[PDB]
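A.B. asks: Here you go, one structure.
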Amino acid sequence: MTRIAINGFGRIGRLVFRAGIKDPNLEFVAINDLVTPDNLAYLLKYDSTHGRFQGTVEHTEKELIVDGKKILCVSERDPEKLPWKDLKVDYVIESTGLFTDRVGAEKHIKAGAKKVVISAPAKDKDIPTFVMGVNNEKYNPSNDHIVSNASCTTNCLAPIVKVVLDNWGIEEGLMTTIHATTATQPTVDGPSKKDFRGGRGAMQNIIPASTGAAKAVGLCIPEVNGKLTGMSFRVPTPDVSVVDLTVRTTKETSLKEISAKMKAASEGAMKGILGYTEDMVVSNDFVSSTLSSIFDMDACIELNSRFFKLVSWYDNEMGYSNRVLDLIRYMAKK
Amino acid sequence: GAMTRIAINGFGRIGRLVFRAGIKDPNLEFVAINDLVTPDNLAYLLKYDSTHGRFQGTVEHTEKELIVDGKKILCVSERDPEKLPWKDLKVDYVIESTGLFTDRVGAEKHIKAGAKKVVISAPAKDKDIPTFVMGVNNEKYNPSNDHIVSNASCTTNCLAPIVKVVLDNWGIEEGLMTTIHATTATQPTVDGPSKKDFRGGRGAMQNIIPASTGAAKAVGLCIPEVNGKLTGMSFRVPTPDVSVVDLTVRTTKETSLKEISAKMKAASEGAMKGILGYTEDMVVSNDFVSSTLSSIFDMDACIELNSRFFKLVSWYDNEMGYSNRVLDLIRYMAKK
Amino acid sequence: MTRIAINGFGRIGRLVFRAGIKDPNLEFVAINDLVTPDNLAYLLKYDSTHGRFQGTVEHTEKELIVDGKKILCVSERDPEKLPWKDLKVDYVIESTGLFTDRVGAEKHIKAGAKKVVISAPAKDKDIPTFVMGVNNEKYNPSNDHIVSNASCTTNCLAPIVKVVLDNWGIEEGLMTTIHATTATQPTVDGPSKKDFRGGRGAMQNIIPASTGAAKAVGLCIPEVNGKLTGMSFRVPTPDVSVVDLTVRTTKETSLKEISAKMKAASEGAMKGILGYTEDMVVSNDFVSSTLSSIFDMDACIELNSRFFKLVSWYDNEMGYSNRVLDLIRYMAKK
Amino acid sequence: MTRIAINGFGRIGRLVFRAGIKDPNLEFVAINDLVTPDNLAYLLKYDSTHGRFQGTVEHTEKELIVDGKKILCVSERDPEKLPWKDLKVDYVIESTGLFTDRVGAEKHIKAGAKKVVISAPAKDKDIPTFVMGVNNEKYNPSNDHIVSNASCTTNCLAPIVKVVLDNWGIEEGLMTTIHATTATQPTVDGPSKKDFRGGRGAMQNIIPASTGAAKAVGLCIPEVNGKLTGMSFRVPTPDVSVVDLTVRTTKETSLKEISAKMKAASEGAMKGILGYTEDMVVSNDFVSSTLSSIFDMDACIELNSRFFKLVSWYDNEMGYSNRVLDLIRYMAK
Ligand SMILES: NC(=O)c1ccc[n+]([C@@H]2O[C@H](COP(=O)([O-])OP(=O)(O)OC[C@H]3O[C@@H](n4cnc5c(N)ncnc54)[C@H](O)[C@@H]3O)[C@@H](O)[C@H]2O)c1
Ligand SMILES: NC(=O)c1ccc[n+]([C@@H]2O[C@H](COP(=O)([O-])OP(=O)(O)OC[C@H]3O[C@@H](n4cnc5c(N)ncnc54)[C@H](O)[C@@H]3O)[C@@H](O)[C@H]2O)c1
Ligand SMILES: NC(=O)c1ccc[n+]([C@@H]2O[C@H](COP(=O)([O-])OP(=O)(O)OC[C@H]3O[C@@H](n4cnc5c(N)ncnc54)[C@H](O)[C@@H]3O)[C@@H](O)[C@H]2O)c1
Ligand SMILES: NC(=O)c1ccc[n+]([C@@H]2O[C@H](COP(=O)([O-])OP(=O)(O)OC[C@H]3O[C@@H](n4cnc5c(N)ncnc54)[C@H](O)[C@@H]3O)[C@@H](O)[C@H]2O)c1
């Protein structure tokens with residue numbers, strides 16, 4: 001049984017917990033956040049986006065009790081003061097958003113944790129980044145003790161890029177994500193030290209945003225390094241995002257051939273990772289989807305035999321959370 | 001001085017905003033409004049605007065007219081444009097903004113009713129109606145022959161000036177556009193039927209909704225040099241007004257974002273003044289509510305992959321900018 | 001087995017269909033709407049609010065196939081031309097919004113239907129109105145061939161009123177409902193001859209609206225006839241509403257005592273109709289709730305021993321759709 | 001000229017600044033917030049709700065330059081270390097939300113300010129609360145050095161209560177406010193130790209909230225103390241709220257008479273505070289209104305001659321900000 005601790009019981013932390021408490025192979029031993037177990041228990045059972053927790057939730061002054069299983073609840077701002085050694089934590093899910101650099105994420109290993117999974121792109125280039133179904137086989141159990149699971153957008157874009165790249169090559173690519181609002185944005189216009197637009201009211205605006213997903217894809221798919229960039233527009237929805245990839249391929253092809261390969265990948269080497277649809281879907285048709293990427297056949301367009309606009313959905317919350325579990329399960333086995 | 005007589009068929013978002021923008025012009029004379037509701041509901045919707053605020057002036061009504069700033073305007077309720085009294089009113093231009101008469105057969109009812117010229121506030125349903133975008137191809141207008149015209153779409157009016165600047169300076173090999181578009185009256189609040197686009201029937205408050213757009217092809221019409229070289233799509237999002245275009249374009253000559261921004265800023269200060277705007281500020285959509293521009297180039301949001309591959313971003317108030325272009329086109333046609 | 005046809009496959013019609021199609025005692029034989037089976041099947045499969053249909057959906061040019069069941073699909077503007085006599089319809093669910101008067105509803109009877117259930121308050125004083133768990137025992141099989149299941153708000157308010165009246169009496173009561181947006185509202189400012197406010201954009205505004213639910217409960221609970229009125233505020237939410245009842249009681253009492261009686265009723269009589277909670281719930285905690293009314297203890301306030309403000313939630317879509325089934329089932333058995 | 005500093009350049013602080021920088025009798029000398037002048041210049045210039053600043057906005061490392069006027073920008077978390085004596089600050093607008101107690105607000109006076117106006121209800125009983133046009137005349141310049149301007153909801157409800165009470169008395173009143181989302185709420189579900197609902201996603205939910213605004217009216221209008229209580233529902237709108245008041249009056253009356261008195265007040269002794277409308281209004285019809293309260297005659301309902309439901313709108317951002325300025329101008333005269 002693999003022992004897991006969660007640092008940051010937020011949107012991602014609670015969703016990895018919800019997805020993982022079902023697995024007998026996993027054991028969640030601790031949750032760390034800046035609030036009491038009462039509020040953690042409330043946020044676990046009630047979810048404005050993914051519905052009520054399908055199970056029993058209780059709490060003590062010192063723990064949550066989920067389906068009878070006891071999980072320790074601690075509240076320490078500094079990860080170094082966490083009891084990871086006493087709980088002998090194998091994996092710590094770093095999902096606070098505040099320790100995406102190595103010096104901060106190294107604090108969990110100092111506390112006694114064996115492996116640290118950062119649920120976000122790393123700020124340092126020396127932390128390996130993995131996307132399940134793209135480059136997770138490059139993981140080194142003997143050396144990679146702090147890893148990154150990339151971004152929700154990277155996890156959506158990289159599988160699409162991989163199928164296109166494998167079959168027709170990519171000369172150039174520009175991506176746009178139309179992304180759901182997240183917790184980093186305020187409800188009304190407010191301060192924002194390093195991105196002024198990011199402080200504008202998320203309920204009111206379409207908001208241009210930077211994304212690192214494109215080059216992060218360059219990390220996971222080196223063959224596309226230097227050939228893709230991207231940006232983002234935050235829109236006033238609470239969850240589910242979509243990627244629009246304009247691609248110039250090397251070989252001539254058509255949308256029918258691309259769709260054939262996407263469908264094949266979704267049924268084969270990327271089943272459970274890449275999804276495929278021909279239906280007239282809109283974003284809420286993917287609420288609580290566990291897939292990283294859902295290729296939208298009807299929304300795609302072809303300018304000509306080498307220029308395409310490919311569209312893929314993702315639940316930026318639920319899909320990433322399940323990938324976080326998938327990566328841990330992989331690391332534990334291999 | 002001399003006055004152009006205008007009637008509005010369809011007193012909706014575009015119709016009321018065309019009225020708001022044009023009633024300030026002393027050379028224009030709005031002589032009639034046609035819609036399916038009595039002047040009482042029309043006065044109410046004219047007075048109060050959830051997006052552009054209260055009407056800055058006095059609005060009253062009778063059973064047969066609105067009274068705006070002392071001026072009386074005839075208010076009729078006739079579904080059939082053919083039964084409208086355009087001949088009696090000596091209507092020079094009819095703004096067809098109901099959304100139901102974008103083909104020649106439907107718009108021709110206004111000419112049969114007596115109007116001299118008809119401006120469709122939308123893309124024509126068929127290529128047999130000429131389309132004009134101010135500052136791009138409105139000089140190709142023929143006063144003696146083009147009696148039914150189209151002012152294209154908001155997206156076309158935003159995309160085309162960008163395309164024009166890029167093409168004239170570096171050429172275009174390919175261009176793929178996406179518009180992130182505000183919600184409009186064609187979408188319901190909750191999931192409902194929609195025969196012509198199933199996605200079009202899903203709830204607008206809840207979803208990102210992929211949609212089809214003809215704006216790319218329409219620009220190919222207004223700019224023949226670019227025909228076949230541009231396509232596009234749309235995503236409707238839960239905002240009530242203001243949209244943004246994201247154009248992925250491959251140029252012929254090598255260039256850079258600095259050079260492109262230089263030409264965009266030059267165009268906005270020169271030949272496309274009042275049509276194309278230019279900004280370097282960290283703007284978001286609500287910063288353009290009630291903007292009169294067709295297209296506002298957003299230098300900070302643009303990205304360059306390489307010397308020939310760029311992602312250009314341009315905003316537009318799909319209600320207010322288009323309504324101001326409808327008036328400009330009518331003014332242009334009047335002068336010649 | 002009871003044979004049911006649905007006129008108007010909209011929000012209410014589709015949800016009634018979702019809740020009932022698993023029922024072996026019910027047989028849905030026909031669906032009538034203004035579109036062909038492909039759009040109806042699409043709308044049955046994907047719901048922006050209640051998620052994907054948990055089952056299989058197929059279609060023909062003339063029929064739907066749900067979980068193997070074949071349902072005829074028609075498109076007739078005039079109910080009088082519907083094949084109810086030929087299909088032997090026991091109950092017709094009138095959920096178009098256009099035939100809530102007796103002359104309009106009677107067209108289903110002339111076409112061959114035996115019973116018509118209007119999914120809204122009737123425009124006619126001689127059409128009986130029932131709220132399950134409040135006054136449905138007054139249904140007379142021999143005379144009530146066209147009945148009304150009231151409004152979603154009436155089904156929420158009446159259970160609250162029933163308990164308070166039965167235990168402490170009601171001298172006066174004023175109701176306010178904060179109501180989710182519905183299909184009658186536009187996305188942007190537009191015309192609306194019978195209620196100008198109703199035409200204003202639902203995404204942007206709090207919109208005052210009139211409601212008849214207050215007098216309608218006077219119909220179902222005659223003891224309160226003439227003693228309560230109400231109003232409504234439409235807000236930019238796609239589903240779930242809340243009732244805020246300001247009530248002057250006859251006998252002295254306390255919030256503790258009221259909550260205790262609400263809790264008893266939720267666990268015994270009115271079980272499945274009235275729900276009870278002491279948690280810090282918000283509207284999305286009730287998406288796809290099947291209850292008519294959920295009493296919110298913590299949201300309630302007491303001015304004094306005879307003046308209370310009681311709060312109760314309801315999924316105006318799902319709860320009402322389930323009560324339409326319950327009403328049909330009650331009528332069917334006797 | 002009155003020398004004013006703003007502590008907390010947020011929604012209220014910036015909107016107070018916009019309305020007041022136009023006033024030649026006022027002199028804004030300093031702004032304190034936790035961000036650099038660039039971000040403050042940005043937020044002053046562009047407003048998602050009230051549009052672009054109608055004027056010129058410039059900034060340096062150490063100041064804002066608004067319409068030619070130079071204003072100091074400081075970034076100090078502890079108000080005791082603020083440069084109020086050097087700047088000779090007459091009034092400090094406390095709009096951070098973190099110093100609504102006397103121990104906290106008094107730090108501005110310890111720092112050199114003469115008066116402190118809190119843009120929110122005070123925590124302490126000994127800090128007087130004023131509503132313009134209701135009880136502001138009770139201000140005592142010799143002793144009231146820290147005052148509260150109450151809440152946006154109290155400023156909307158109290159004028160309504162005053163006219164009803166003066167004409168027909170109040171036996172009971174229960175108020176509900178349908179309130180716009182504010183900076184206190186997250187976009188998505190998150191923690192909130194003292195009120196769990198307050199942490200739920202504001203874009204997707206109707207959110208019940210506690211309010212003291214009814215009880216505050218009991219303080220500003222002592223005759224109604226113990227007779228009025230209330231609650232709140234936060235809804236997914238960015239601005240403008242509405243109060244809904246269920247009132248049992250003492251004297252028999254009618255909606256027609258109440259409306260007449262409301263219209264009389266809006267035109268007379270509460271012009272600029274109380275507004276009156278008979279139109280079919282909705283929330284966005286009041287964006288950027290400077291009124292505290294707008295009586296909505298058509299939305300009102302009468303159960304009988306003594307039981308009414310009265311409805312009044314308010315721009316919780318813009319109306320309150322103007323009340324803060326009005327209070328400062330009153331205290332300075
Ligand atoms: N939201 C998404 O869709 C998404 C997708 C992929 C990855 N991510 C990444 O996951 C990370 C978390 O995102 P989220 O949306 O769950 O955010 P969130 O704000 O919902 O959760 C973060 C949580 O961390 C807790 N926390 C903060 N500081 C802490 C500390 N010092 N110690 C312990 N707990 C602390 C907070 O109370 C909060 O609940 C971010 O870095 C984000 O970029 C988010
Ligand atoms: N909304 C935008 O941003 C935008 C911008 C550019 C172009 N347009 C075009 O303008 C047209 C109208 O757009 P809108 O947003 O104003 O729509 P809208 O829903 O506001 O409708 C326009 C008006 O037409 C009236 N109408 C309907 N049938 C009529 C009839 N038979 N006779 C007279 N009036 C009738 C309606 O009552 C309505 O008020 C569409 O063709 C649209 O494509 C819209
Ligand atoms: N949505 C709610 O919260 C709610 C709650 C309780 C009851 N209701 C009542 O139920 C009724 C339906 O409301 P809704 O929200 O489902 O509306 P809706 O607009 O979602 O669905 C109504 C359907 O009627 C169909 N229709 C229209 N004309 C028709 C005709 N002539 N013949 C056949 N079908 C026709 C339409 O295509 C449409 O799908 C209303 O009367 C409403 O007041 C609504
Ligand atoms: N927004 C409304 O509708 C409204 C109406 C009436 C009253 N109020 C009250 O006014 C106050 C401000 O609310 P708001 O909506 O403007 O909030 P906001 O979050 O928009 O602004 C608060 C500001 O305080 C500043 N701040 C935080 N800590 C600080 C510190 N230590 N020193 C200096 N500045 C600091 C922050 O950067 C932030 O800009 C609150 O007390 C609120 O309850 C708000």
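Chain lettering (A, B, ...) mirrors the order of the structure tokens, residue numbering begins at 1 for each chain separately, and ligand numbering begins at 1 in order of display.
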Name each residue within 9 Å of ligand 1, counting only C-alpha atoms and all ligand atoms, as an mmCIF file with N, CA and C atoms, in the first residue's frame.
C.D. replies:
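The new file out_23.cif reads:
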data_model
loop_
_atom_site.group_PDB
_atom_site.id
_atom_site.type_symbol
_atom_site.label_atom_id
_atom_site.label_comp_id
_atom_site.auth_asym_id
_atom_site.auth_seq_id
_atom_site.Cartn_x
_atom_site.Cartn_y
_atom_site.Cartn_z
ATOM 1 N N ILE A 6 -1.162 14.933 1.247
ATOM 2 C CA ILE A 6 -1.616 16.028 0.395
ATOM 3 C C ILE A 6 -1.262 17.330 1.095
ATOM 4 N N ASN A 7 -0.483 18.184 0.427
ATOM 5 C CA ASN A 7 -0.166 19.535 0.907
ATOM 6 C C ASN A 7 -0.950 20.555 0.064
ATOM 7 N N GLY A 8 -1.978 21.156 0.660
ATOM 8 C CA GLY A 8 -2.866 22.036 -0.062
ATOM 9 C C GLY A 8 -4.128 21.297 -0.467
ATOM 10 N N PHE A 9 -5.154 21.367 0.372
ATOM 11 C CA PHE A 9 -6.418 20.668 0.143
ATOM 12 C C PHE A 9 -7.398 21.524 -0.672
ATOM 13 N N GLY A 10 -6.939 22.036 -1.820
ATOM 14 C CA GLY A 10 -7.697 22.930 -2.666
ATOM 15 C C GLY A 10 -8.505 22.207 -3.709
ATOM 16 N N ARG A 11 -8.762 22.901 -4.817
ATOM 17 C CA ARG A 11 -9.476 22.278 -5.928
ATOM 18 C C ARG A 11 -8.773 20.992 -6.348
ATOM 19 N N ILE A 12 -7.465 21.065 -6.585
ATOM 20 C CA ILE A 12 -6.748 19.863 -7.002
ATOM 21 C C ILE A 12 -6.605 18.877 -5.849
ATOM 22 N N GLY A 13 -6.220 19.357 -4.663
ATOM 23 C CA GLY A 13 -5.981 18.440 -3.551
ATOM 24 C C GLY A 13 -7.195 17.594 -3.206
ATOM 25 N N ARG A 14 -8.357 18.243 -3.125
ATOM 26 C CA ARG A 14 -9.600 17.549 -2.827
ATOM 27 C C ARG A 14 -10.000 16.602 -3.958
ATOM 28 N N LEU A 15 -9.714 16.970 -5.206
ATOM 29 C CA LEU A 15 -10.097 16.078 -6.296
ATOM 30 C C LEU A 15 -9.174 14.869 -6.413
ATOM 31 N N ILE A 31 -3.315 15.219 5.548
ATOM 32 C CA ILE A 31 -3.704 16.370 4.752
ATOM 33 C C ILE A 31 -3.202 17.594 5.490
ATOM 34 N N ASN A 32 -2.565 18.498 4.767
ATOM 35 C CA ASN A 32 -2.064 19.742 5.327
ATOM 36 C C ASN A 32 -2.727 20.910 4.626
ATOM 37 N N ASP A 33 -3.228 21.852 5.414
ATOM 38 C CA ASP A 33 -3.816 23.063 4.859
ATOM 39 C C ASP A 33 -3.844 24.090 5.980
ATOM 40 N N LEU A 34 -4.307 25.305 5.690
ATOM 41 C CA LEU A 34 -4.272 26.437 6.646
ATOM 42 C C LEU A 34 -5.597 26.548 7.387
ATOM 43 N N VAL A 35 -6.410 25.506 7.318
ATOM 44 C CA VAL A 35 -7.737 25.549 7.987
ATOM 45 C C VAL A 35 -7.957 24.298 8.833
ATOM 46 N N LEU A 40 -12.235 21.499 6.184
ATOM 47 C CA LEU A 40 -11.718 20.545 5.184
ATOM 48 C C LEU A 40 -12.802 19.498 4.946
ATOM 49 N N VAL A 74 -3.209 18.261 9.550
ATOM 50 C CA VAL A 74 -2.279 19.179 10.180
ATOM 51 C C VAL A 74 -2.413 20.532 9.506
ATOM 52 N N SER A 75 -1.894 21.557 10.177
ATOM 53 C CA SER A 75 -1.946 22.923 9.673
ATOM 54 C C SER A 75 -0.628 23.635 9.932
ATOM 55 N N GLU A 76 0.304 23.504 9.003
ATOM 56 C CA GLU A 76 1.628 24.100 9.121
ATOM 57 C C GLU A 76 1.955 24.820 7.826
ATOM 58 N N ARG A 77 2.242 26.120 7.930
ATOM 59 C CA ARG A 77 2.569 26.891 6.735
ATOM 60 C C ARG A 77 3.879 26.416 6.109
ATOM 61 N N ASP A 78 4.874 26.063 6.936
ATOM 62 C CA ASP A 78 6.190 25.646 6.448
ATOM 63 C C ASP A 78 6.253 24.132 6.281
ATOM 64 N N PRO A 79 6.455 23.609 5.058
ATOM 65 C CA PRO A 79 6.498 22.146 4.884
ATOM 66 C C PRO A 79 7.570 21.459 5.709
ATOM 67 N N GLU A 94 2.251 18.105 -3.833
ATOM 68 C CA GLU A 94 2.389 19.532 -3.555
ATOM 69 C C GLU A 94 1.361 20.294 -4.398
ATOM 70 N N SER A 95 0.250 20.701 -3.769
ATOM 71 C CA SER A 95 -0.857 21.323 -4.489
ATOM 72 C C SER A 95 -1.291 22.635 -3.848
ATOM 73 N N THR A 96 -0.367 23.317 -3.179
ATOM 74 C CA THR A 96 -0.625 24.658 -2.668
ATOM 75 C C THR A 96 -0.377 25.749 -3.708
ATOM 76 N N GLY A 97 0.450 25.494 -4.709
ATOM 77 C CA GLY A 97 0.849 26.534 -5.626
ATOM 78 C C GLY A 97 1.983 27.418 -5.154
ATOM 79 N N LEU A 98 2.524 27.190 -3.956
ATOM 80 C CA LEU A 98 3.542 28.060 -3.384
ATOM 81 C C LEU A 98 4.933 27.439 -3.336
ATOM 82 N N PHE A 99 5.090 26.184 -3.740
ATOM 83 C CA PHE A 99 6.353 25.466 -3.638
ATOM 84 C C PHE A 99 6.663 24.745 -4.945
ATOM 85 N N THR A 100 6.588 25.479 -6.043
ATOM 86 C CA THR A 100 6.846 24.900 -7.349
ATOM 87 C C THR A 100 8.307 25.005 -7.751
ATOM 88 N N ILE A 118 4.782 17.784 -7.624
ATOM 89 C CA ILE A 118 4.287 19.151 -7.738
ATOM 90 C C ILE A 118 3.163 19.142 -8.771
ATOM 91 N N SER A 119 1.975 19.571 -8.356
ATOM 92 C CA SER A 119 0.794 19.588 -9.212
ATOM 93 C C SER A 119 0.728 20.865 -10.049
ATOM 94 N N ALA A 120 1.844 21.217 -10.670
ATOM 95 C CA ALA A 120 1.958 22.438 -11.454
ATOM 96 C C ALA A 120 3.306 22.412 -12.182
ATOM 97 N N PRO A 121 3.482 23.256 -13.202
ATOM 98 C CA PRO A 121 4.818 23.414 -13.783
ATOM 99 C C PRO A 121 5.810 23.897 -12.734
ATOM 100 N N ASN A 149 3.990 17.379 -12.589
ATOM 101 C CA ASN A 149 2.991 16.799 -13.478
ATOM 102 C C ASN A 149 2.528 17.789 -14.544
ATOM 103 N N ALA A 150 3.311 18.842 -14.795
ATOM 104 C CA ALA A 150 2.996 19.863 -15.786
ATOM 105 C C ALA A 150 1.717 20.643 -15.440
ATOM 106 N N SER A 151 1.065 21.237 -16.445
ATOM 107 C CA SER A 151 -0.199 21.966 -16.245
ATOM 108 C C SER A 151 -1.368 21.181 -16.866
ATOM 109 N N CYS A 152 -2.602 21.447 -16.429
ATOM 110 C CA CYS A 152 -3.848 20.960 -17.100
ATOM 111 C C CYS A 152 -3.768 21.243 -18.606
ATOM 112 N N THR A 153 -3.299 22.404 -19.034
ATOM 113 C CA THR A 153 -3.260 22.669 -20.461
ATOM 114 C C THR A 153 -2.194 21.809 -21.141
ATOM 115 N N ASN A 155 -1.285 18.934 -20.270
ATOM 116 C CA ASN A 155 -1.810 17.586 -20.331
ATOM 117 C C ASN A 155 -2.875 17.443 -21.406
ATOM 118 N N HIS A 179 -9.789 29.133 -21.242
ATOM 119 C CA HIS A 179 -9.639 28.478 -19.947
ATOM 120 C C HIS A 179 -10.665 28.993 -18.942
ATOM 121 N N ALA A 180 -11.196 28.053 -18.148
ATOM 122 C CA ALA A 180 -12.094 28.337 -17.040
ATOM 123 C C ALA A 180 -11.384 29.153 -15.985
ATOM 124 N N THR A 181 -12.187 29.915 -15.232
ATOM 125 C CA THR A 181 -11.681 30.679 -14.102
ATOM 126 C C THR A 181 -11.121 29.737 -13.050
ATOM 127 N N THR A 182 -10.058 30.162 -12.383
ATOM 128 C CA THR A 182 -9.493 29.383 -11.289
ATOM 129 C C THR A 182 -9.358 30.284 -10.071
ATOM 130 N N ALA A 183 -8.864 29.692 -8.978
ATOM 131 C CA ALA A 183 -8.751 30.381 -7.701
ATOM 132 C C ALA A 183 -7.759 31.537 -7.692
ATOM 133 N N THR A 184 -6.811 31.589 -8.620
ATOM 134 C CA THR A 184 -5.874 32.711 -8.647
ATOM 135 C C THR A 184 -6.526 34.013 -9.099
ATOM 136 N N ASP A 239 -15.411 25.817 -14.436
ATOM 137 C CA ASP A 239 -14.558 24.663 -14.701
ATOM 138 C C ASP A 239 -14.756 24.202 -16.142
ATOM 139 N N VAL A 240 -13.767 23.450 -16.654
ATOM 140 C CA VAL A 240 -13.673 22.933 -18.028
ATOM 141 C C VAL A 240 -13.119 23.974 -19.023
ATOM 142 N N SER A 241 -12.074 23.576 -19.754
ATOM 143 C CA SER A 241 -11.349 24.421 -20.685
ATOM 144 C C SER A 241 -11.254 23.723 -22.040
ATOM 145 N N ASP A 315 -11.433 18.875 -18.593
ATOM 146 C CA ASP A 315 -11.767 19.323 -17.244
ATOM 147 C C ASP A 315 -10.443 19.628 -16.544
ATOM 148 N N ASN A 316 -10.067 20.915 -16.510
ATOM 149 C CA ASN A 316 -8.781 21.348 -15.974
ATOM 150 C C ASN A 316 -8.612 20.910 -14.518
ATOM 151 N N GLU A 317 -9.720 20.631 -13.830
ATOM 152 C CA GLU A 317 -9.654 20.143 -12.457
ATOM 153 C C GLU A 317 -9.593 18.619 -12.419
ATOM 154 N N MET A 318 -10.638 17.963 -12.929
ATOM 155 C CA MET A 318 -10.793 16.526 -12.716
ATOM 156 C C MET A 318 -9.755 15.725 -13.497
ATOM 157 N N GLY A 319 -9.513 16.107 -14.757
ATOM 158 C CA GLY A 319 -8.557 15.380 -15.569
ATOM 159 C C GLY A 319 -7.157 15.416 -14.986
ATOM 160 N N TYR A 320 -6.722 16.593 -14.537
ATOM 161 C CA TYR A 320 -5.395 16.725 -13.956
ATOM 162 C C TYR A 320 -5.297 15.922 -12.675
ATOM 163 N N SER A 321 -6.348 15.954 -11.858
ATOM 164 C CA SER A 321 -6.268 15.255 -10.577
ATOM 165 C C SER A 321 -6.050 13.769 -10.769
ATOM 166 N N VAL D 188 -13.843 30.216 -6.935
ATOM 167 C CA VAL D 188 -14.121 28.787 -6.840
ATOM 168 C C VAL D 188 -14.110 28.397 -5.371
ATOM 169 N N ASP D 189 -14.682 27.231 -5.099
ATOM 170 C CA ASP D 189 -14.840 26.766 -3.726
ATOM 171 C C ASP D 189 -13.503 26.758 -2.997
ATOM 172 N N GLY D 190 -13.474 27.405 -1.840
ATOM 173 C CA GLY D 190 -12.283 27.466 -1.036
ATOM 174 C C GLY D 190 -12.550 27.613 0.452
ATOM 175 N N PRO D 191 -11.471 27.619 1.238
ATOM 176 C CA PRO D 191 -11.598 27.687 2.699
ATOM 177 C C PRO D 191 -12.094 29.047 3.158
ATOM 178 N N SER D 192 -12.749 29.059 4.319
ATOM 179 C CA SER D 192 -13.245 30.298 4.945
ATOM 180 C C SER D 192 -13.603 29.942 6.386
#
A.B. asks: Go through chain D and flag each residue having an atom no more than 6 Å from chain C; for those, report the closest pair of atoms plus their distance in Å to one decimal, using only C-alpha atoms, ordered by chain and rising number, as CSV.
C.D. replies:
residue,atom,partner,partner_atom,distance
D:197,CA,C:280,CA,5.6
D:205,CA,C:283,CA,5.3
D:206,CA,C:283,CA,5.3
D:207,CA,C:282,CA,5.3
D:280,CA,C:197,CA,5.7
D:282,CA,C:207,CA,5.0
D:283,CA,C:205,CA,5.2
D:284,CA,C:205,CA,5.9
A.B. asks: From a DSSP calculation on the backbone, collect every residue of segment 291-333 of chain B in strand (DSSP E) and output the set as an MDAnalysis selection string.
C.D. replies: chainID B and resid 295:298 303:306 309:316
A.B. asks: Counting only C-alpha atoms, collect the residues of chain B whose closest atom lies at most 7 Å from chain A, and write them out as a PyMOL selection string.
C.D. replies: chain B and resi 198-199+206-210+230-231+237-239+282-286+301+305
A.B. asks: Give me the residues within 10 Å of residue 167 of chain C as a list in words, counting only C-alpha atoms and dropping any in the same chain fewer than 4 places off.
C.D. replies: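 Counting only C-alpha atoms, the residues come to residues 162, 163, 249, 250, 251, 253, 257, 258 and 261 of chain C.
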A.B. asks: Do a neighbour search on residue 124 of chain C at 9 Å with only C-alpha atoms, toss out local chain neighbours closer than 2 positions, and write the hits as a list in words.
C.D. replies: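 After dropping sequence-adjacent residues, the list is residues 100, 101, 102, 121, 122, 126, 127 and 128 of chain C.
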A.B. asks: Save out the residues we just selected, C-alpha atoms, as a PDB file, in the first residue's frame.
C.D. replies:
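The file below, again04.pdb, is the result:
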ATOM      1  CA  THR C 100     -52.102  25.760 -19.291  1.00  0.00           C
ATOM      2  CA  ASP C 101     -55.745  26.794 -19.727  1.00  0.00           C
ATOM      3  CA  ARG C 102     -58.629  24.346 -19.858  1.00  0.00           C
ATOM      4  CA  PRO C 121     -50.240  26.497 -12.575  1.00  0.00           C
ATOM      5  CA  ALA C 122     -53.503  26.415 -14.519  1.00  0.00           C
ATOM      6  CA  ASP C 126     -61.862  25.079 -12.177  1.00  0.00           C
ATOM      7  CA  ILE C 127     -58.676  23.034 -12.841  1.00  0.00           C
ATOM      8  CA  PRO C 128     -57.554  21.243  -9.636  1.00  0.00           C
TER       9      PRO C 128
END
